[PDB]
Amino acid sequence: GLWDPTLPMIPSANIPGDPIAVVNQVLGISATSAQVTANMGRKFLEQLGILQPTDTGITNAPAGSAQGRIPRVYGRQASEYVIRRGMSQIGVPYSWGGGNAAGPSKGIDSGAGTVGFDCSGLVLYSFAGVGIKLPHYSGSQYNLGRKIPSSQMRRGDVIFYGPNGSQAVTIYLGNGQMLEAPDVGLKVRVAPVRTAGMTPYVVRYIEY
């Protein structure tokens, strides 16, 4: 009962640090997920009319704090943009280790020749749109943001599975549905929430 038994019962792909997310051979440029995320964060803060010269564009709250860069009054807008980004990826193939802040990508190991998303890749891609920077490993994502009891999960909160949230991570959509990049041969999908292996807390990255 420690893991979700419908998926491989192993820790999710763990891709270290700040990977290159964009490579443009023609212009001769490349950039990492953090750079892509910061740029989107600044664009988002500008769209809210609140961009400051001190803003890098990274909007994460210190882990456990109920206050991040994005004002509470704009949290629902931020959350809905994150969800829109994720939902726009329905139908993209699964790839073990796949995805970065710029979109689906080549995976690692088994997924090395497959462009797509895995669980943490999809979540980090979605949240990057408002400057929320997340590591490409579900266990590490579980240690950021603010814990909410799972019984009180709310649309936009992030659901975790397995010990230390190491197996999988999905975005709660409300109404008992979640957005996930589940397993090989499947695609990014909306599916019923599964409680087997669920961590006792979900994580909130955006307050509203």
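We number the residues from 1 along the sequence you see.
Between the stretches 103-111 and 116-124, it is 103-111 that shows the larger average CA temperature factor. 147-155 and 25-33 differ in mean CA B-factor, and the higher of the two is recorded for 25-33. Per the PDB record, residue ranking by Cα B-factor puts residue 182 in the highest third of the chain. Placement of the Cα temperature factor of residue 133 within the chain: lowest third of the modelled residues, per the deposited record.
In the deposited entry, the Cα temperature factor of residue 73 places it in the highest third of its chain's modelled residues. Per the deposited record, the Cα B-factor of residue 175 falls in the highest third when ranked against the other modelled residues of its chain.
Annotation for residue 140: CA B-factor lies in the middle third of the chain's modelled residues.
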